[PDB]
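Q: Protein chains in written order, with the entry's author numbering: chain B, 2 to 392; chain A, 2 to 394.
We put the CB at the ideal spot given by N, CA and C, even for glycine.
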Amino acid sequence: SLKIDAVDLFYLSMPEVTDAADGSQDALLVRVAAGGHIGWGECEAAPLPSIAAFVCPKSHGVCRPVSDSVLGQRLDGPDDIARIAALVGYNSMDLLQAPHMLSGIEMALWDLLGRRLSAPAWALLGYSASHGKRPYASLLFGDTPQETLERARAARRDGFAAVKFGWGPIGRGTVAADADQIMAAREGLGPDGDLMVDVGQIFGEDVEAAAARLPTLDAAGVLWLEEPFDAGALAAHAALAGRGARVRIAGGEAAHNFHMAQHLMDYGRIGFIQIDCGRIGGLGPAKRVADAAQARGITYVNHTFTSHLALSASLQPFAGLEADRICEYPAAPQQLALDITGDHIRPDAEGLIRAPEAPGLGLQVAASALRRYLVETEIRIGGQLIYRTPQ
Amino acid sequence: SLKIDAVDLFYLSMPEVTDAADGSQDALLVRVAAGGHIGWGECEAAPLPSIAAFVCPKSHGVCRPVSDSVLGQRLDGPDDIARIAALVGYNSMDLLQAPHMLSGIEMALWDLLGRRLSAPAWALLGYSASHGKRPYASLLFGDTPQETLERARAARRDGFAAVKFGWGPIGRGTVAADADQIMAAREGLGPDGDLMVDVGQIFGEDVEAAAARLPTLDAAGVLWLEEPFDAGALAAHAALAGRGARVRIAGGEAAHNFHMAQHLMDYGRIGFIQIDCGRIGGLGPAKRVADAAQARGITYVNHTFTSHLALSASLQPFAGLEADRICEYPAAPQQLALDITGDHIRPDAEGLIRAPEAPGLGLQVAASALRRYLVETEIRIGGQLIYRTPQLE
Ligand code: NA
Ligand code: NA
Ligand code: NA
Numbered sequence: 002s003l004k005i006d007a008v009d010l011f012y013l014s015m016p017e018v019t020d021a022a023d024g025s026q027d028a029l030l031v032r033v034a035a036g037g038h039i040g041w042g043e044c045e046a047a048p049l050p051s052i053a054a055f056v057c058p059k060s061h062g063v064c065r066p067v068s069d070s071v072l073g074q075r076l077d078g079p080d081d082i083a084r085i086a087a088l089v090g091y092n093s094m095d096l097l098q099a100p101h102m103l104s105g106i107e108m109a110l111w112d113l114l115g116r117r118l119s120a121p122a123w124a125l126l127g128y129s130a131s132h133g134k135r136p137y138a139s140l141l142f143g144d145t146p147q148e149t150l151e152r153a154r155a156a157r158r159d160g161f162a163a164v165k166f167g168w169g170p171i172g173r174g175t176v177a178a179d180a181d182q183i184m185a186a187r188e189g190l191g192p193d194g195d196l197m198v199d200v201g202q203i204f205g206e207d208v209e210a211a212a213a214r215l216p217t218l219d220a221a222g223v224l225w226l227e228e229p230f231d232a233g234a235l236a237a238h239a240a241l242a243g244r245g246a247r248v249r250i251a252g253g254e255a256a257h258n259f260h261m262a263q264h265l266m267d268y269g270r271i272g273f274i275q276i277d278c279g280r281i282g283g284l285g286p287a288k289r290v291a292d293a294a295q296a297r298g299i300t301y302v303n304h305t306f307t308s309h310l311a312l313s314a315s316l317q318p319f320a321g322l323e324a325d326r327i328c329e330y331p332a333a334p335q336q337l338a339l340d341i342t343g344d345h346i347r348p349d350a351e352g353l354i355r356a357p358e359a360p361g362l363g364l365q366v367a368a369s370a371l372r373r374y375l376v377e378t379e380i381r382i383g384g385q386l387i388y389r390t391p392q
Numbered sequence: 002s003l004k005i006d007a008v009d010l011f012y013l014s015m016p017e018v019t020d021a022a023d024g025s026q027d028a029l030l031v032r033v034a035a036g037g038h039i040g041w042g043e044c045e046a047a048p049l050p051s052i053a054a055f056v057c058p059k060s061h062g063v064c065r066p067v068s069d070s071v072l073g074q075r076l077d078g079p080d081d082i083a084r085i086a087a088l089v090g091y092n093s094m095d096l097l098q099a100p101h102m103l104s105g106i107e108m109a110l111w112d113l114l115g116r117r118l119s120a121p122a123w124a125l126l127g128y129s130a131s132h133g134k135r136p137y138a139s140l141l142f143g144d145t146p147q148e149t150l151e152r153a154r155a156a157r158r159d160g161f162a163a164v165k166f167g168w169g170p171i172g173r174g175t176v177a178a179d180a181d182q183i184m185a186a187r188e189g190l191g192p193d194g195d196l197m198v199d200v201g202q203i204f205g206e207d208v209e210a211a212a213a214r215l216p217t218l219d220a221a222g223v224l225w226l227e228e229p230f231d232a233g234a235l236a237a238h239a240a241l242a243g244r245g246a247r248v249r250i251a252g253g254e255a256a257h258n259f260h261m262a263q264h265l266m267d268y269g270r271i272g273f274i275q276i277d278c279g280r281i282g283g284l285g286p287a288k289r290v291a292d293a294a295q296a297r298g299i300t301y302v303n304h305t306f307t308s309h310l311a312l313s314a315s316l317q318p319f320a321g322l323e324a325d326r327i328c329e330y331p332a333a334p335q336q337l338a339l340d341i342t343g344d345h346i347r348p349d350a351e352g353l354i355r356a357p358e359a360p361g362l363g364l365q366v367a368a369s370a371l372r373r374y375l376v377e378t379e380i381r382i383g384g385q386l387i388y389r390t391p392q393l394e
């Protein structure tokens, strides 16, 4: 038997963290050890609250620290991962942060087992192949169409054949202003590229306002319209999706369990589900969504925006879904995110990347990142250390 | 005009904490100060992760510590509470723990403004009256059926006309074991009382395992079956509710935002929505649920298993809804929960309790509880304290 005998949590940060909407400025890295075998993962989460979730004194039987369900658990194959995740689901049910902390640990378990068994995580997850995905750069709409045009042109020059434009002025004013923006993105990208549009919930619950953009989206060959409405506005999503446009509705990036994804799929009638492994509980729950998406003719996309460790994890749950051909890619992250791995995922001759055809998550975490970016962190309860920065 | 000058967080705990599913064993209390005016609230949440959510270094612009959206904020009236809560919602969006930390802060704001204005929080929430609620004794299943019977018998003899048992061994093994427990509850309670059963999400997503208890629940004349499944498993809830049993489905205590409660009402086919102000973000979101429940003709009930400060807060959102007459009452809380308030909510001559007529949440937090149960807690980043246990007195 192998048993988990250490979980080390590394709070990493860039020296200055700004108010930019940039989640690559810090990270919580997780190193799991079981009988000398090592696995790494990354939480898509506030690092200190997640650490607190891992080590806190229990409040009661269903508000236990995450560590209670992890340390000392048998880890021999995939089925143990499911058991550990279910245990955290029950015993930490009232610890709100738990899913985010779980996510980094859980992916580390797949990494650990893959490297112990010389199998890629995607193979352990049940896929027989890892197929090429076209990476998309997540871009901001310019304040003017002219700026969007140039941004799209610059992305294409940089080698992207797929881009998503989001936020900025989009949906904040007239249908005509949105038409200029979306056409500018298409014009700059070129006619053969994949173009997606994220409106960051700007239409609220106003189905007619969102629907007024569908002809423009279809004219520009836009594949998906992400987050047209408030996250809770499921009926609005379904109504918009029922309008018959070619562009499909996308959502899911903030789901922190399978149910939230399923709500969007079944009650929201979305056509692209977008899943962050660093949020949803890791690879197992993401793979659950991918299976459910397949059943429904819904396309799975990853959501990821930090390191290549997180990117590798993000690709595992749809590695074997050949037709789900687009993936999110961290096109311009902070140096921390680049530095976290020694090696990186590289495109093939067709510009496609894939969940590494290599053991576990298929990437080496760089000890040198650990040192440079390490945040000195300690928590004491009753005078006694319950968490200190590891090495 | 007033600005929030201080927010002090008190991690309280019983000397021992067990594996009972009992939220009264520890607490996170929140004292907000604005220009000498005080309000108190309570988070029904894991205290250390919540404190961490309050003080953590920011990760980026929409993952800030809760304190960034609270300290220094103007608090000139009820509208600022909504404003501050929305700010936390935006600035701490990617901080999953945030709503639990916010809950205690937000209710402390209602308490503070109510105390300053000599008005009960329910009046500030827009209710014209605080109506009597009929308390059901909220208890845990004993480890054996006879223990459960004795608990139900003791509740009836204390004057409770309604009892709920939750958790303990319920749903952990066979239907037969559950039947013994539920029948013993009915036996102890007698035939006339209302009996409710809470299974603490134990069936997970197993509709058939849950469905297998429906005859037993109906034979015992159980009013509702609470939390049969994972909080987000709405289709499972709806499937269970469609099996034709008389027992109705209840839930919502795990809602940490408004839409979790709305979705449960709209997709879960529940007959009772149950809201914890200490989890959902305080009185505002809870009142928003109560309005939505009213629009739907769904009975609203508080979820409360802890102190009378929590009780008072969770009664506020339905104080003015006269027909929503039942409330949860923690009948065997840990001493910590008892000691947290110096005064308590007491029944009138008719046996009814209510959101206090007194200002704010209408109860005083006891400084003696702060002293007895305080957990000494320190967080350092870069060698520097970012949190330490507040000074006493
Ligand atoms: Na997005
Ligand atoms: Na069973
Ligand atoms: Na309950």
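Go through the region 156-207 of chain A residue by residue and report every complete run of the alpha helix (DSSP H) that reaches 4 residues or more, in order.
A: Runs of the alpha helix (DSSP H) inside the region 156-207 of chain A: 176-190.
Q: For the putative contact between residue 46 of chain A and residue 93 of chain A, defined by C-beta atoms under 8 Å, what is the C-beta separation to the nearest angstrom?
A: Position 45 of the second sequence holds residue 46 of chain A. Position 92 of the second sequence holds residue 93 of chain A. No, residue 46 of chain A and residue 93 of chain A are not in contact; Cβ-Cβ is about 14 Å, not under 8 Å.
Q: Beta carbon of residue 254 of chain B: closer than 6 Å to some heavy atom of ligand 1?
A: Taking the first sequence and counting its residues from 1, one reaches residue 254 of chain B at position 253. Yes, ligand 1 has a heavy atom inside 6 Å of this Cβ.
Q: With 16 other CB atoms within 10 Å as the buried threshold, where does residue 347 of chain B fall?
A: As a first step, residue 347 of chain B is located in the first sequence; it is residue number 346 there, counting from the start. Exposed.
Q: Among the residues of its own chain, which have a CB less than 6 Å from the CB of residue 283 of chain A, if the five just before and after it don't count?
A: As a position in the second sequence, residue 283 of chain A is number 282, starting the count at 1. If we look at residue 283 of chain A and ignore the five residues flanking it on each side, its Cβ neighbours are 104, 107, 108.
Q: CA-CA distance, residue 235 of chain A and residue 18 of chain B?
A: Within the second sequence, residue 235 of chain A is the residue found at index 234, counting from 1. Within the first sequence, residue 18 of chain B is the residue found at index 17, counting from 1. Going by the C-alpha atoms only, they are around 39 Å apart.
Q: Using a beta-carbon distance below 7 Å, is residue 399 of chain B in contact with chain A?
A: Past the boundaries of the shown model lies residue 399 of chain B; chain B is included only from 2 to 392, so the question cannot be answered.
Q: From the DSSP output, in three-state form, read off residue 27 of chain A for me.
A: On the second sequence, position 26 is the one that residue 27 of chain A refers to. Residue 27 of chain A falls in the strand class under three-state DSSP.
Q: Taking the Cβ atom as the reference point for each residue, do residue 131 of chain A and residue 330 of chain A lie within a distance shorter than 7 Å?
A: Looking up residue 131 of chain A in the second sequence gives position 130. Looking up residue 330 of chain A in the second sequence gives position 329. Not in contact: residue 131 of chain A and residue 330 of chain A (Cβ atoms no closer than 7 Å).
Q: Can you tell me where the alpha helix (DSSP H) holding residue 216 of chain A begins and where it ends?
A: For the purposes of this step, residue 216 of chain A is taken as residue 215 along the second sequence, with counting starting at 1. Where residue 216 of chain A is concerned, the enclosing alpha helix (DSSP H) stretches over 215-220.
Q: Using a cut-off of 8 Å between C-beta atoms, extract the partners of residue 18 of chain A located in chain B.
A: Position 17 of the second sequence, counted from the start, is the residue given in the question as residue 18 of chain A. Listed along the chain, the chain B residues whose CB falls inside 8 Å of the CB of residue 18 of chain A are 58, 59, 60, 61.
Q: Please name the residue in A:302, A:16, A:378, A:388 whose C-alpha comes closest to that of residue 384 of chain B.
A: Along the first sequence, read from residue 1 onward, the residue named residue 384 of chain B stands at position 383. Nearest of A:302, A:16, A:378, A:388 to residue 384 of chain B, Cα basis: A:378.
Q: Run through chain B and tell me which residues come within less than 9 Å of residue 54 of chain A, C-beta to C-beta.
A: If you number the second sequence from 1, residue 54 of chain A lands on position 53. Going along chain B in sequence order, the residues near residue 54 of chain A (Cβ under 9 Å) are 47, 49, 50, 53, 97, 98.
Q: Mind checking who residue 366 of chain A pairs with in its DSSP beta bridge?
A: In the second sequence, residue 366 of chain A corresponds to position 365, counting from 1. According to DSSP, which records beta bridges pairwise, residue 366 of chain A is partnered with A:342.
Q: Across which residues does DSSP place residue 385 of chain A in a beta bridge pair?
A: Counting from one through the second sequence, the residue named residue 385 of chain A turns up at place 384. Answer is A:382, bridged to residue 385 of chain A.
Q: Mapping DSSP to helix, strand and coil, what is residue 128 of chain A?
A: Here residue 128 of chain A refers to the residue found at position 127 when the second sequence is read from its first residue. Three-state result, residue 128 of chain A: coil.
Q: Can you give me the C-alpha to C-alpha distance between residue 128 of chain B and residue 321 of chain B, rounded to a whole angstrom?
A: Sequence index remark: in the first sequence, residue 128 of chain B carries index 127 (1-based). Sequence index remark: in the first sequence, residue 321 of chain B carries index 320 (1-based). Computed Cα separation, rounded: 5 Å.
Q: Say yes only if the C-beta of residue 199 of chain A is nearer than 6 Å to one or more non-hydrogen atoms of ligand 3, and no if none qualify.
A: Counting from 1 along the second sequence, the entry for residue 199 of chain A is found at position 198. Checking the Cβ of residue 199 of chain A against ligand 3 gives yes.
Q: Determine which residues share a DSSP beta bridge with residue 264 of chain A and list them.
A: Within the second sequence, numbered from 1, the residue matching residue 264 of chain A stands at position 263. Its beta-bridge partners do not exist; DSSP assigns none.
Q: By DSSP's criteria, residue 296 of chain A is part of a beta bridge. Which residues make up the other side?
A: Taking the first residue of the second sequence as 1, we reach residue 296 of chain A at position 295. Looking at the DSSP assignment, residue 296 of chain A forms no beta bridge with any residue, so it has no partner.
Q: Name the DSSP beta bridge partners of residue 329 of chain B, please?
A: Position 328 of the first sequence, counting from 1, holds the residue named residue 329 of chain B. As DSSP reads the structure, residue 329 of chain B sits in a beta bridge with B:137.
Q: If contacts are defined as beta-carbon pairs under 8 Å, then residue 50 of chain B and residue 98 of chain A qualify, I think. What distance do you get, rounded to the angstrom?
A: Within the first sequence, the letter at position 49 stands for residue 50 of chain B. Within the second sequence, the letter at position 97 stands for residue 98 of chain A. The pair is a contact, with the Cβ atoms about 5 Å apart (cut-off 8 Å).
Q: Here's the rule: buried if 16 or more other CB atoms are within 10 angstroms of the residue's CB, otherwise exposed. What is residue 334 of chain B?
A: Within the first sequence, numbered from 1, the residue matching residue 334 of chain B stands at position 333. Taking all protein chains in view, the Cβ of residue 334 of chain B is crowded by 16 or more other Cβ atoms within 10 Å, so the residue is classified as buried.
Q: I think residue 152 of chain B touches residue 143 of chain B, with their Cβ atoms under 8 Å apart; what is that distance to the nearest whole Å?
A: In the first sequence, the residue the question calls residue 152 of chain B occupies position 151. In the first sequence, the residue the question calls residue 143 of chain B occupies position 142. Their Cβ separation, rounded to whole angstroms, is 6 Å, which keeps residue 152 of chain B and residue 143 of chain B in contact under 8 Å.
Q: Chain B partners of residue 395 of chain A, CB-CB under 9 Å?
A: Chain A is shown from 2 up to 394; residue 395 of chain A falls before or after that span and cannot be answered.
Q: Quick one: residues in its chain with C-beta nearer than 7 Å to the C-beta of residue 188 of chain A, no 5 flanking neighbours on either side, listed in chain order?
A: The residue labelled residue 188 of chain A in the question sits at position 187 within the second sequence. If we look at residue 188 of chain A and ignore the five residues flanking it on each side, its Cβ neighbours are 150.
Q: When you compare each of A:336, A:341, A:200, A:226 to residue 91 of chain B by their alpha carbons, which one comes out closest?
A: Locating residue 91 of chain B in the first sequence gives position 90, where the first residue counts as 1. The shortest Cα separation from residue 91 of chain B among A:336, A:341, A:200, A:226 belongs to A:200.
Q: May I ask whether a heavy atom of ligand 1 can be found less than 6 Å away from the beta carbon of residue 227 of chain B?
A: One-based indexing of the first sequence puts residue 227 of chain B at position 226. Result yes, Cβ under 6 Å from ligand 1.
Q: Since residue 94 of chain B meets chain A, which of its residues come closer than 7 Å, beta carbon to beta carbon?
A: The count along the first sequence starts at 1 and reaches residue 94 of chain B at position 93. Residues of chain A passing the Cβ test: 202.
Q: For residue 75 of chain B, does the three-state DSSP call read helix, strand or coil?
A: Position 74 of the first sequence, counted from the start, is the residue given in the question as residue 75 of chain B. In this structure, residue 75 of chain B counts as strand in the three-state DSSP scheme.
Q: Specify which residues have a beta carbon nearer than 7 Å to any heavy atom of ligand 2, listing them in chain order.
A: A distance filter of 7 Å between CB atoms and the heavy atoms of ligand 2 selects the following residues in sequence order: A:172, A:173, A:174, A:175, A:210.
Q: In three-state terms, what does DSSP make of residue 59 of chain B?
A: Along the first sequence, one-based indexing puts residue 59 of chain B at 58. It is coil, neither helix nor strand.
Q: Counting only beta-carbon atoms, is residue 80 of chain B nearer than 7 Å to chain A?
A: Numbered from 1 along the first sequence, position 79 holds the residue referred to as residue 80 of chain B. The Cβ of residue 80 of chain B sits no closer than 7 Å to any Cβ of chain A.
Q: Closer than 7 Å, CB to CB, is residue 64 of chain B near chain A or not?
A: For the purposes of this step, residue 64 of chain B is identified with residue 63 of the first sequence, where counting begins at 1. True, the Cβ-Cβ gap to chain A drops below 7 Å.
Q: Report all residues from its chain with a CB closer than 6 Å to the CB of residue 294 of chain B; omit the five preceding and five following residues, and keep chain order.
A: As a first step, residue 294 of chain B must be located in the first sequence, where it is residue number 293. Result list for residue 294 of chain B: 274, 301, in chain order.
Q: Are three or more beta carbon pairs between the region 353-361 of chain A and the region 335-343 of chain A nearer than 8 Å?
A: With contact defined as three or more Cβ pairs closer than 8 Å, the region 353-361 of chain A and the region 335-343 of chain A are not in contact.
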